[PDB]
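Chain by chain, the residues:
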Number of protein chains: 2
Amino acid sequence: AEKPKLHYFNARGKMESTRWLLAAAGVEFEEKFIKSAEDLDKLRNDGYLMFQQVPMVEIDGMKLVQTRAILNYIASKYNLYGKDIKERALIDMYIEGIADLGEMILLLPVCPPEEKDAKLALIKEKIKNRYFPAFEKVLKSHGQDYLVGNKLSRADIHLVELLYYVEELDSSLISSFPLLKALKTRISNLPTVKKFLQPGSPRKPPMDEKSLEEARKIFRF
Amino acid sequence: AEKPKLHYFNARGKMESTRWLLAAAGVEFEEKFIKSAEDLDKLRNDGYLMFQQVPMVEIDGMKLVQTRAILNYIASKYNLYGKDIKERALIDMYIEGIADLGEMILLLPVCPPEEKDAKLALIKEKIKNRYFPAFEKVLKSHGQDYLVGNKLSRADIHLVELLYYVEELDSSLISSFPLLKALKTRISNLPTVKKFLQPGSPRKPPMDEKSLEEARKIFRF
Ligand SMILES: N[C@@H](CCC(=O)N[C@@H](CS)C(=O)NCC(=O)O)C(=O)O
Ligand SMILES: N[C@@H](CCC(=O)N[C@@H](CS)C(=O)NCC(=O)O)C(=O)O
Ligand SMILES: C=C(CC)C(=O)c1ccc(OCC(=O)O)c(Cl)c1Cl
Ligand SMILES: C=C(CC)C(=O)c1ccc(OCC(=O)O)c(Cl)c1Cl
């Protein structure tokens, strides 16, 4: 029927976690790229964006805005949000930790040059002493293949996506965390995820200086 | 039985929305205040904070950290998160908008003096031209007393809490939004909320330079 339609600019940004989740669920989607501020304004004027911002996803008759709203709906619709509220609580706690670290890395390129060095150092420190030990500890606690309920959930998907970004940053960071390395492997081999990691998929590359300045002009940041 | 126990410092911060939610649901809770950095370190060493941070809420045998994880659990447990996946999607979209504006106002006090004047102007502009019209439009669209499903939800609670903060900032901002003003009144009269607004409740006052000074030392911000 109507495949979900993602509205954003041709880049990772705040739309990438959604592309990863849909793909891992095996859902085909279409993207409608915003190429100019004129494109954004038309969406605004047609009353498509509740808060005049993107990401925006057309799905099940709704024009959903706000990253967490979009991700929560999709995760629930495809049974990737756990089996009950206690499982959702563990999932939420884990993925909000992932969102904090992920945001830091996302904004690194937009960080003021005189601060870049400090920021990068703080991030690596947090990765090694706060975030990775926390997730490695969860996996060691139950010895299971998945983070929550011994079954695949959005938590494993979001985590593995973040592990790829950390690798791009510094591949040595994951060294002292074997369980995390193991999970990265298992999840990457699931048919849906393997197809998404392969050349030619909707997966997006890191942002280049040239494309980054047009984005900044359109969105103002 | 065991009442929920909230761990934070004596101030609004990121714990205030949880205080407002529990109270609106009629749930009594206890607070354990962090008075010094040594208090924070004890929690850390006791293995109570997954990511070495607070807010942390002890509830139903769990040591839940992360604001959204805590609020999602509580909203679900007390039937304040809608009746289905689609109602939850509208709620999430709305409250994520509230979270964005709320974060701006929360951080205003820790903003550079040089920047404050430009910041606050940006906020008031967003309030009048982005956020308030969006919510006023939702209420006008259905003509109902609540934001979603013609039944009280966490969305009405989060919104009214935000209206009080905007009032503290500039009481004239809500002027051209009659429906928002009406909602503020209606929600404030609910028994549980009215009791929370009264003197002596766990509701917290805005921050003062001395206390802000110390929060900053402890939390390093
Ligand atoms: N909290 C929102 C933030 C959305 C957001 O910041 N969107 C940006 C681009 S990534 C945008 O459209 N900015 C245009 C504007 O703010 O006018 C979310 O998570 O979706
Ligand atoms: N995204 C987290 C942020 C938590 C947070 O920023 N906690 C601060 C105090 S408000 C803290 O404990 N900082 C100490 C630290 O980061 O080491 C949440 O929503 O709970
Ligand atoms: C809303 C925007 C800024 C707050 C945003 O989501 C964003 C973040 C990083 C970005 O580049 C880096 C990348 O890897 O995509 C880009 Cl192009 C965007 Cl639009
Ligand atoms: C994590 C902290 C900041 C990164 C935080 O949540 C926070 C924000 C504002 C604050 O003061 C303002 C207030 O009105 O409470 C305080 Cl005291 C805190 Cl601890």
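Residues numbered from 1 in each chain as written, not as in the entry; some residues may be left out. Chains lettered and ligands numbered in written order. Heavy atoms only, no water.

Selection criterion: UniProt positions are given in the numbering used here, feature names are shortened, and annotations may be inferred rather than shown by experiment.
The name the PDB entry assigns to chain A is GLUTATHIONE TRANSFERASE, from the organism Homo sapiens. For chain A, the Subunit comment in UniProt is given as "Homodimer or heterodimer of GSTA1 and GSTA2." Quoted verbatim from the Subcellular location heading of the UniProt record, the comment on chain A is "Cytoplasm".

Some thoughts on the site of ligand 2
Our working rule: Any residue with a heavy atom lying within 4 Å of a molecule or strand is counted as near it. Here a polar contact means two N or O atoms within 3.5 Å. Within protein one must be a hydrogen donor candidate and the other an acceptor candidate, and residues neighboring in sequence count only if both atoms are side-chain atoms. Using a 1.4 Å probe, the Shrake-Rupley method yields the accessible areas, and only the shown protein chains count as cover for residues. By the convention adopted, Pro, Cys, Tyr, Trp, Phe, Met, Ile, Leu, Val and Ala count as nonpolar, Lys, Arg, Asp and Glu as charged, and the other residues, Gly among them, as polar.
In the vicinity of ligand 2, the contacting residues are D100(A), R130(A), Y8(B), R44(B), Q53(B), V54(B), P55(B), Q66(B), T67(B) and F219(B). Mapping the residues near ligand 2 onto chains gives chains A and B. Taking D100(A), its side chain carries an N or O atom lying 2.9 Å from a nitrogen atom of ligand 2. Considering ligand 2 on its own, with 510 Å² of exposed area, one finds that the protein chains cover 81% of that surface. Across the shell around ligand 2, the residue classes tally to 4 nonpolar, 3 polar and 3 charged.

With respect to the pairing of strand β2 (residues 30–33) of chain A
Residues and elements named next belong to chain A. Threshold: Here the rule is simple: two strands pair whenever DSSP picks up at least two bridges between them. Only DSSP runs of H or I reaching four residues or more are called helices, and only runs of E reaching two or more are called strands; each is numbered from the N terminus. With the strands aimed away from the viewer, a crossover counts as right-handed if its path from the first strand over the helix to the second runs clockwise.
The pairing of strand β1 (residues 5–8) with β2 spans 4 bridges and is classified as parallel. Its bridge partner lying in β2, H7 is registered against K32. Read from β1 through helix α1 (residues 16–24) to β2, the crossover connection turns out right-handed.

Digging into the site of ligand 1
Around ligand 1, the surrounding shell consists of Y8(A), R44(A), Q53(A), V54(A), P55(A), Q66(A), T67(A), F219(A), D100(B) and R130(B). Ligand 1 is flanked by residues contributed from chains A and B. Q66(A) has a polar side-chain atom sitting 3.0 Å from a nitrogen atom of ligand 1. At a separation of 3.1 Å, an oxygen atom of ligand 1 approaches a polar backbone atom of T67(A). Burial of ligand 1 by the protein amounts to 81% of the accessible area it has alone, namely 510 Å². Residue classes in the shell around ligand 1 are distributed as 4 nonpolar, 3 polar and 3 charged.

So, the side chain of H158(B)
The following threshold applies: For each residue, the accessible area found with a 1.4 Å probe, counting protein chains only, is set against the maximum for its type, and the residue is called buried under 20%, exposed over 50%, and partly exposed in between.
Tracing the backbone through its elements, the reader meets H158(B) in helix α6 (residues 154–169). A relative accessible area of 7% places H158(B) in the buried class.

Here we look at the sheet that holds strand β4 (residues 62–65) of chain B
All names here are of chain B. The test is simple: Angles run from 0 to 180 degrees between N-to-C directions of axes, and those axes are lines fitted to C-alpha atoms, restricted for helices to the stretch in contact. By definition in these notes, contact holds between two residues if any of their heavy atoms fall within 4.5 Å.
Read across the open sheet, the 4 strands follow the order β2-β1-β3-β4; overall the sheet is mixed. Lying at the two open borders of the sheet, with one neighbouring strand each, are β2 (30–33) and β4. Shown here is a sheet whose adjacent strand axes are inclined to one another by a mean of 20°, direction ignored. Strands in contact with helix α3 (residues 67–77) are β3 (56–59) and β4; relative to β4, the strand with the most contacts, it is inclined by about 125°.

Describing the interface of chain B and chain A
Basically, it comes down to this: As used here, buried area is the combined drop in accessible area, with a 1.4 Å probe, of two parts when they are placed together. Every case where a carboxyl oxygen of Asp or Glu lies within 4 Å of a side-chain nitrogen of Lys or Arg is listed as a salt bridge.
Listed as interface residues are 34 residues of chain B and, on the opposing side, 33 residues of chain A. Where chain B abuts chain A, roughly 3,000 Å² becomes buried across the two surfaces, and 63% of that area is made up of carbon and sulfur atoms. In this structure, the connection of chain B to chain A is made through 2 salt bridges. For the salt bridge of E96(A) with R68(B), the shortest nitrogen-to-oxygen distance reads 3.7 Å. The tally of links between chain B and chain A comes to 10 residue pairs in polar contact. Counting residues per element, the ones that place at least two in the side of chain B that touches chain A are β4, α3, α4 (85–107) and α5 (113–142) of chain B. The greatest single-element share of the side of chain B that touches chain A, amounting to 10 residues, is contributed by α4(B). Taken together, the residues of the side of chain B that touches chain A break down into 16 nonpolar, 7 polar and 11 charged.

A short note on helix α1 (residues 16–24) of chain B
Residue and element names in this part refer to chain B. For α1, the tally of buried residues reaches 9 of 9 residues, placing the bulk of the element in the interior. Within α1 the residues assigned to the buried category are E16, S17, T18, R19, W20, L21, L22, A23 and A24. Turning to α1, the residues buried within the fold contact β1 (5–8), β2, β3, α3, α6 and α8 (191–197).

So, the packing of α4(B) against α5(B)
Residues and elements named next belong to chain B. Put simply, the test is: By definition in this entry, angles of less than 35 degrees are roughly parallel, angles greater than 145 are roughly antiparallel, angles of 65 to 115 are roughly perpendicular, and the rest are oblique. Here a crossing is called left-handed whenever its near helix is offset anticlockwise from the far helix by less than a right angle, and right-handed whenever the offset is clockwise.
With their axes 11 Å apart at the nearest point, α4 and α5 run at an angle of 160° to one another. Judged on the interaxial angle alone, α5 and α4 are roughly antiparallel. Considering only the axes of α4 and α5, their crossing is left-handed. Of the residues in α5, those in contact with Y94, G97, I98, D100, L101, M104 and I105 of α4 are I123, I127, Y131, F135 and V138. Counted by class, the contact of α4 with α5 contains 10 nonpolar, 1 polar and 1 charged residues.

What to know about unusual backbone geometry
In this model, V54(A) is joined to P55(A) through a cis peptide bond whose omega is 0°. Along the chain, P55(A) falls in the loop between α2 (37–45) and β3 (56–59). Positioned with a positive phi, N79(A) is a non-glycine residue whose angle comes to about 55°. Relative to the helices and strands, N79(A) resides in the loop between α3 (67–77) and α4 (85–107). One non-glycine residue, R220(B), lies in the positive phi region at around 50°. Within the secondary structure layout, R220(B) lies in the segment after α9 (209–219).

Quick notes on the nonpolar core
Note the following rule: As used in this record, nonpolar core signifies buried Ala, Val, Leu, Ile, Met, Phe, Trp, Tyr and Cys residues forming a set joined through side-chain atoms within 4.5 Å.
Among the nonpolar cores identified, the biggest contains 142 residues, and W20(A), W20(B), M50(B) and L180(B) are the most heavily contacted of them. Discounting chain neighbours no more than four positions away, the residues touching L180(B) are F132(B), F135(B), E136(B), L139(B), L159(B), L163(B) and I174(B).

Points about the relation of the copies chain B and chain A
Which entries qualify depends on this criterion: Here the copies are laid over each other by least squares on the C-alpha atoms.
The two copies are related by a screw motion: chain B maps onto chain A through a turn of 180° and a shift of 0.1 Å along the axis, at an RMSD of 0.1 Å. On the angle and the small slide along the axis, the relation comes out as a two-fold axis. It is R68(B) whose C-alpha, among those of chain B, lies nearest the rotation axis, at 5.0 Å. Looking at the interface residues of chain B, 97% of them are also at the interface in chain A, so both copies use one shared face.

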